[PDB]
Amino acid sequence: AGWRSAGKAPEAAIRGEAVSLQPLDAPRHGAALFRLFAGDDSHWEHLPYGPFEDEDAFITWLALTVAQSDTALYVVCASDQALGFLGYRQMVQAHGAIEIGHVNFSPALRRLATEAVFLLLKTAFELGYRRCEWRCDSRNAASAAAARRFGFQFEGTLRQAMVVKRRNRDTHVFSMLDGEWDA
């Protein structure tokens, strides 16, 4: 009512109980995050990117990903040991709409995993977003269960939304509204 916009993603650490989320510095954190997933290429199964040939390739993907205005990534730490990353996508202030995505958690992280997500959930609603989305490949059982567990409501399935590694992807779309966050 005189709605203008939701707030900007944090440019300083988001401090939790078990976890700190550090704004991602692609060329700095990049090598650390690359090493987290090297060796286990099955990590890139339910995702549209990866694996990466080498650190250069990973840093390239990270730079180009974070260069988008609508995307902001954070590094998960306990210490400054990077344990995974995640962030916001389709971040549109004017509509108070945002998505929590790019969840890339090391086997060691996958209660700290849960807190990383909630910190961004909490932060998006405190910055006055109206809608937070969560999306996943329909083959991804764990992600879908995670969404329900956090309180996201299933809205529908975007059929044939993507081709991921030459296979079909249907995207499940879930959302929490600001009235839902309150309740």
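One rule holds for the numbers: they count along the sequence shown, beginning at 1.
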{"property": "Unmodelled deposited residues flanked by residue 110 on one side and residue 111 on the other", "result": "1 to 3"}
{"property": "Continuity check for residue 92 and residue 93, given as deposited residues lacking coordinates between them", "result": "none"}
{"property": "Mean Cα B-factor comparison, 47-55 or 134-142, giving the higher one as deposited", "result": "47-55"}
{"property": "Comparing 35-43 with 125-133, the one whose average Cα B-factor in the PDB entry is higher", "result": "35-43"}
{"property": "Criterion, highest CA B-factor; candidates, 98, 103, 72, 82", "result": "82"}
{"property": "Of the residues 18, 162, 173, 24, the one carrying the largest Cα B-factor as recorded", "result": "18"}
{"property": "Chain-wide C-alpha B factor ranking for residue 61, given as lowest, middle or highest third", "result": "lowest"}
{"property": "Residue 151 CA temperature factor, ranked by third within the chain", "result": "highest"}
